[PDB]
Amino acid sequence: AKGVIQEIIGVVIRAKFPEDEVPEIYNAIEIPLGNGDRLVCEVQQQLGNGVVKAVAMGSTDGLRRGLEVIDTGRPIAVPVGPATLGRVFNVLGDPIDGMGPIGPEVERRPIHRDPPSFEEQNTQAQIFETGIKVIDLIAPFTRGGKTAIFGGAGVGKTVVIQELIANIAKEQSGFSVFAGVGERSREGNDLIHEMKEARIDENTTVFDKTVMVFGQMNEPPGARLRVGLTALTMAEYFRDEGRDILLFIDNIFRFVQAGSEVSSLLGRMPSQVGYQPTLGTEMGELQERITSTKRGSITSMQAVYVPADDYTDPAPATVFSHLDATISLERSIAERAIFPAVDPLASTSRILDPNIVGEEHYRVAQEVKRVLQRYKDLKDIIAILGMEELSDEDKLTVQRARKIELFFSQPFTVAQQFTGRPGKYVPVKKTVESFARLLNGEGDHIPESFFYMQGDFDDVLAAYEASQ
Amino acid sequence: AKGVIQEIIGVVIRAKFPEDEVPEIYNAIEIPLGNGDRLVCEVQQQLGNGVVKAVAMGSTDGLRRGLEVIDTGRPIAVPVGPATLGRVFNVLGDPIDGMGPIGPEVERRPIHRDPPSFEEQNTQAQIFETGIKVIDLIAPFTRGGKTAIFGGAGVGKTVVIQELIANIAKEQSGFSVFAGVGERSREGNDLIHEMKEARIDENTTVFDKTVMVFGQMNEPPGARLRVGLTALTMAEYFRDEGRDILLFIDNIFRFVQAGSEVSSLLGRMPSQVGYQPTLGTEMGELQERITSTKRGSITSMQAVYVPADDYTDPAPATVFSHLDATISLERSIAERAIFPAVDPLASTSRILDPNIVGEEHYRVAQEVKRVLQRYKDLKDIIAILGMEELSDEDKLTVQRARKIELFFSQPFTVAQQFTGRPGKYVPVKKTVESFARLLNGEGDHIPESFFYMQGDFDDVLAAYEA
Amino acid sequence: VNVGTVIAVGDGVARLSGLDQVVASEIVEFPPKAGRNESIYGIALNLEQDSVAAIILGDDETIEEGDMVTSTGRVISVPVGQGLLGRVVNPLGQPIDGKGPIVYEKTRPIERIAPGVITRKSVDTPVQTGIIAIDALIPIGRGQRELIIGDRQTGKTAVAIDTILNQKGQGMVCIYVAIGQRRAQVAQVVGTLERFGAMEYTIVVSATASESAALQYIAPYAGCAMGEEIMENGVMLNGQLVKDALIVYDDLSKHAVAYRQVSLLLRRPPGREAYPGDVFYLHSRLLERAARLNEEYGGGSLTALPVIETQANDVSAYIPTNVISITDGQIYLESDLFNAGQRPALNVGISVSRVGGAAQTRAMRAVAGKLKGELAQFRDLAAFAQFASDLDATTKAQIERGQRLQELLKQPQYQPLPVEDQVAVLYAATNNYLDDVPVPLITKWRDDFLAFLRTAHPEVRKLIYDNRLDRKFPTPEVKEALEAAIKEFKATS
Amino acid sequence: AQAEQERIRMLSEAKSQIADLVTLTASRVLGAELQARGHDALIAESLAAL
Amino acid sequence: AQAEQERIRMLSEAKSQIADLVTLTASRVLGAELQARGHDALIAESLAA
Amino acid sequence: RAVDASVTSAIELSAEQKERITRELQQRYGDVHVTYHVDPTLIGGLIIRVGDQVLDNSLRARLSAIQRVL
C-alpha cells in the first residue's frame, strides 16, 4: 500500500508502490483526492519496480503527480443480493439514486469472476414471445439465450429495447437487470425509470424487480469499460440462486469503445481500425459471463451500435459470434419509415428450427426469407428498367415482397409519440398465421399501403374493408 | 544566432543552435552557400536542446552537415510596395525575372502575419462588380471573398484572369497578385509573362499592374507551401493602403499537396486520405487573410483541381469550406464557346441572395437559371424528337435559352487572339436590366447567331437597328 | 509560483520540463517576454515523468526553448456569469469584440462530468425556433439536444440564428459557439444578432479557422461551461432570473477535425476515418452536459443545437452518426430542397425529435398532427404523381393541399414568427381555408394575414397565446374568434 | 460614420500610446526615485515572502 | 488636428500625468510613502512624455 | 546541495548583499548553488527561483497595472 503517482496519461494513472507491496492485476487502488471523496482506479498492468498502470474510472483532471495512492488489496467489489433490487448503481457499486447507501452486511463480490465452466452450460432453449412480428418470425428470441440488436445511429435500437421491456418485463417470473453502457443519460435512463416505475406488475413496479447500473456516455472510459462487469456481477447472484433474470445491456459497442480508448492510453499496439489488440479476449470475458447455466437462466437482450452503418467493424464483428439470435437494423429501412427496421435477410436465430419453434413457423419464416431474397436479387432490375420486364411470377413475388416489407412494420406502445397509432402486441401464433395467409395469396388484391403499421392480418383486412 | 547544420535528410534539415537564442517556429534560418547565394530554410519544429527541424525550400544537394546556419529572427522576409509591381518573385521574395534585385530601401514584411482581427471585419457583404456578364449575373463575386474556378484545361480561364485585372484596375484600385502555386516553368511562367506583357489597356500593360509570385513545380514542398503566403504578404501592403486587390492562386490544391508533402516529410501522422493532419489549420492560415477589412479588401480567385472527380475529397472539401463563389468551366460548352465558358447551372455564388445584390438582380438571375434549366431538361428531347414535337410556350423558352446562352459573351478590353471587338465594361446595374429586358420579350426578333460579343441590351437594340 | 521551462516546442505542443505540482488539466501561463506582451496559455494533459506535454492555446510561433512557464493552480476554466452576455469572447474567455474586459466574479471549469441520470427530468417546456416547419414537425424542448445536420450551404447556421433571434422575450440565454468558421462569417453572424437586438441576451465564443487547433477544441467546452453557469446558477435577464440556456455549438464537424489534428500531432493512433478513438467520447462528454435538471437540482435546462456538415448528403459517415447517436433528434436540411426554393430545406421524412414531442404547446400539436399527416400523404403521393393526373380526384386534392402546405412552410430568413401566429396560420392551412388560394401566392397570403392580425385583431393573437396551454386547444370561443378573423381577412382579400 | 471610425482608428493608436507612455512614466518615477529612496533595500519584502 | 490637441492637453502634466504617477506609486511601491527618501522633486521630474 | 537559486535584481549587489541573500536561503540549505544574473530591466526587487518555485516582488505589480491599463 501507500504508493505514489508517477504519470497521469489521460485516465491511465501510473503509480509506483513498494517492491513487496505491489497491487495485483485487477486490484482497486484509490487516490484520496481530498474533500473526503476518493478516486478508485483499477490496475491493469504490473510494470517494473512496483510500478503499475491503473485506469482512473473517474474525472482524473485535477490531480497532480506524486499524489498518494492507497492499495485496497482487493478488486472492485460491488454489492449483491435483494438489497440491490429497485436500486441504481455506479460502476463501483455505489448507489446514485436518492436512497441511502448499501449497508456493510450486504455481500460484496468482485466484478472480475471466472465465467461458468463448460459443464455448467445450459443447452435447453425455447421460443421467447416478444409481441413483435419481425422479431418473433425471422429471429425468434430464446428463453435463456443471448440476443442482440445491431443498428446504426438513427435506426431504432433503443425504441426496440424499450418496447421489449414494456412487453416482457411485466411477466418476469423473476428479476431483471438493466445496463445502459455509454448510453444517453436522457433516454438511456431517467426516461426508462419513468416507465419502469409506471409499470405495476402486482402491487410492485417493474422497477422494484430491477437492478440498474448505468455508466452513461458522459462518464470517462473506465466507468464505461467496467460497468458491464458490474451489472453482470449484480445479475450473476440472482442467476446462481435459481431466479430467472432478464438482462438488458445497451450498446455493448461502448464497452468495446471504452476498452479501445483505455488501450490506446495504455500504450498497447492498435489492432485493425485503432482497436485494442485484446478485443476478442475482453469481449469474451464480458460475454461468457452472460450465460444461462444449470442453476438458473439469464435471458440476455443486448443492443449494439455499428460505427455509422458499418457491419464489418471489429466490434459488431466480434459480437456476432457471441449470440443465439441476431437482429440487424438497416438505415435504409428506417428511412422508409418501416421503423422496426429489422432486416429479415441479415437477421437469424438458432431456434429457427422446426423441432423447436414449430414446422409451420419455420416454413413461413423460410418462405418469407426466400421471397425477400428474390426481391433483393431483382432490386436493380426494378430500379432501372422497371417492374414490367419481370415475369408474371417474378412480378407477383416482388409485390408480395413489398407487402411483406410493409407488414413487418408494427406500432409500439413506447413509440406512440412518433406514429399516432396505438401499440399492437401481436402474438407469435398470430404472426405466423398472418404471414402464412399473406404468402398463400390472400391479401394480394389489397394495396400495399394498408400493410403499414398494422397488427395481425385481421387488422389489415379490417382496414381494407373500412376503406372498401 | 550562428548555428550549425546537424542533419540533412532530403529537404528536411536539423540545425543545432546554442541553448539560448534558438530560432522560433517559422524563423527562416539562412545557410550561406559559399558564394553570394544562400539557402533559406524555414523552421517548423523545435527539438531537444537547441535543435530545430526546418524544411529546405531549395536544392539542399551541396550542403554538408556542420555548415554555418544564420538565424534571421523572423519569418521569411518578403519585399512589399510599388517596387514589387511589374516584377516576378519566388517564394523567398527574390526576383526571378531579368531585372535586378529589389534593394534594401524597400520595406520587408514577415510572410507569417495574423489575419485581420474580429473588429476589423466588414459586417456587411458587398458585391465585387467584376464587369463580366455571365459572372456578374450568375456567380457574382464578393468583395473580400474567395471564388473558385473549375474545369481544369477548359477555355476562358486565363482570359478571365487577365480581364479581371483589367477591370479591377479600371473600376477598383487595379493592383493584382498572381500566386502561381506549383506553376509550371514552361506552361505557366514564360507564357503568362508574354500574355500579361502583350495584353495592354489604356497604354498600360497588365503586367505592370500585377505582381506575380511563382512556387514552381521543381521547387521543394516548402516553397510551394509558402508561395501563397508570400503572395498574400505582397497583396496585404496594397490592401493596407486602402486599395482593392484581387489575388489569383493557381491550383490551391497544389498548396494543399505541398502541405501534405511537408507533413509527410516531417514525420507527422497522416489524416483521412493521407493528407496532413493540419489541413484545416493550414487552409485557414491562408484564405483567412483574404477578407474585406475596414481599410481595404483582398478579393480572391483560386483555381481548384478536384482529385479525380471526388469533391468530398478533404482537399476540395476544406477549400469549399472557405469559398464564397464557384465558377464552373465546362468542356462541352468549351467545344465552341472559347469566350467565357462558365456553365451557368454549375456556377453558384453565396452572395446571390435578395438581401445583398437586391431583389431585381436575384429575380433576373433566378429567371435566367430557370430558362437554362428548362433548356437543359429539353436538350434530350430536342436531340431525339426535334423542334416540332416540342409544344408551344416551351419552344419560345428554348429559343430564348439559346439566345441567352449566346448572350453570356462579353467583348473584352484584353483577350487572347484579339478579335478586334472594342472592349466593354458592363456594370451589374446594366447587366440586371439588360437580361431582364431580354427575358421580357424584347430581342425575340434578332436571330440567335448575332449575339456573339454584343455586351449590353442597348447594344442589342443598336445591332438590331443595323 | 511553480515554474518550468520549455524544452521542445513541437506541433502545437510544448513539453515543459520540471513543472511538478501541476494538475492533470492545468492551464499553464507562459508569462510574457520581450517580443510578446500578452500571455498565451496551454493545457497540461500528458503529465508524464520529468515532462509535462502541454497543448498551446494559441500560435506556437511565439514560444521558444527555455521560456519560463507558470502553473496557475487551476484546472482549465473560463469566466462565466452575467458579464458574458453581449460579449464576443475567445474560448479562453478573453474578449475579442473590443468592448472592454470581461467582468466576472467566478469561473467555472470546462470539461466536467455531466450532471448525471437522477439529476434530470423529461423536457416539458418548448423552445420556439420561430420556423413553422421546425416548430410544427420537429418540436424542440428546453434541455433537448437537437442536431442540425445538413450539406455545406443549406441553411444550418440560418436555422440556428433564427432560433436564437426568436428567443427575445422567451426568458432564454442564447450561446453561439463558432468552431472553425471563417472570421467573416462570425462577424456577419454577430452583426445579424446585433441589428435585431438579440445580442443583449447572447454570448458568442469564436474559434475561427485561422485559430490554432488547440482552440476550436475547447471552444464548445467553454461555451458549454457558460451555458452550465446559466443552467445551474442563472442570470438576470429583463429583470427576471433565467435558468434556461440555448447553446449552438455550430459546426461540430470542424470541432472533430480540430481534435483529430490535436490527436495526430500528439502521435495518438488514428481510428476510423483517421479520427482518434475517443472522438465519440469528445462529442458525448460535450453534449451530455446539455440537460434538463429536475426541480430538486434547480430546475434549469441547457438546450444544445449542434451543427454537422455532411459531404454529398452522406448521413452515414463517422462523425454524423456519432452525433446522431448522441443527440435526441435531427433537423435534416436537404440540398435538393434548398436549391429548389424550399429555403428552410427540411427532409421532413427523416427529421425527427425523439424527446420534445411532449414538450410542445398543446395548440401546436393539436394543429400540427394533421399537418404531419398531410405532409406524409404528399410525400407518399409524389411517387404516384409521375402519372399525368391519372389518379382520382380526392387524392389530386390531397396533392394540391400538400403543395400548399409545402409552400406555407417556406419562410424567409430573419423573420421568426410567434407561436400564436404559427398556430393561427396552421389552423387556417389545415381547416381547408386555403384551397382556393393559388400556390404561388401562399407566402404573401400568410404575410398579409399576419399583418392583419397584428394590426386589425391584436385581441385574437392575445387570446390564442393565452389559450395555448390548455388540453383541448380548439375551444369554441377561440375557434369562433379565429374563424371570424380569417373569414374577415378572406372577404377583404 | 466611416469617417468617425477612421478618426477613432488613428485615435486608437494614439490612445494606446498615451496609456503605455503614462504607465511607463509612472514606472520610471519608481525607477528614478529608487536611487533616492534606497537602491537595494527591496530585499526586506522578499525575505518575509520567502 | 483634434487628436493632436487632445494629446497636447494630455501631455500637459496637469491633466493626468502627476496624478497617475502618484496613484501608481502609492498603490505599488510604498504605503502612501512613494516619496520615501527624497524623490520630492524626482517625482515626475523626468516625466518628459 | 542540489537546489539551485537564480537571483535577478536590478543593480549589481555588493558582497554583503550577496551574503545576506545566502543567509536568506537558510530556510532550505543556507548556501545552495546560487547564480546572480543582473537583468537591469527589472527594478526594485529580486526574483528568487529556488528549485522550481519563483518569488516575484520586482516590477510586476506596475506591469500588471500596464496590462490592465493598456
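To keep things simple, chains are lettered A, B, C, D, E and F as they appear, and every chain counts its residues starting from 1.
Please note the rule applied: a contact is a pair of C-beta atoms (placed from the backbone, for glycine too) under 8 Å apart; a residue touches a chain by one contact, two chains touch by 3 or more.
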Comparing B-C with D-F, the one with more C-beta contacts is B-C
Taking each chain's centre as the mean of its Cα atoms, which chain lies farthest from chain F? A
What whole-Å value do you get for the distance between chain C and chain E if each is reduced to the mean of its CA atoms? 51
Distance-wise, how many Å sit between the C-alpha centres of chain A and chain D, to the nearest whole number? 66
Distance from chain E to chain A - Cα centre to Cα centre, in angstrom: 74
In whole angstrom, how far does the Cα centroid of chain B sit from the Cα centroid of chain F? 56
Which residues belonging to chain C are in contact with no fewer than two other chains? 20, 270
In chain F, residues with contacts to at least two other chains: 44, 55, 62, 65, 70
Touching two or more other chains - residues of chain D: 22-23, 26-27, 30
Which positions of chain D touch chain F when the two form their complex? 16, 19-20, 22-24, 26-27, 30-31, 34, 39-40, 42-43, 45-47, 49-50
Going by the contact rule set out above, which residues of chain C touch chain A in the complex? 20-25, 45-49, 75, 111-114, 116-118, 120-122, 145, 268-272, 276-278, 280-281, 284-285, 288-289, 291-292, 315-318, 320-322, 324-326, 328, 330, 349-350, 352, 354-355, 357-358, 369, 380
In their shared complex, at which residues does chain E touch chain F? 24, 27-29
What residues on chain F touch chain E, complex-wise? 44, 61-62, 65
Which chain C residues qualify as touching chain F in the complex? 1-4, 18-20, 37, 68, 70, 101
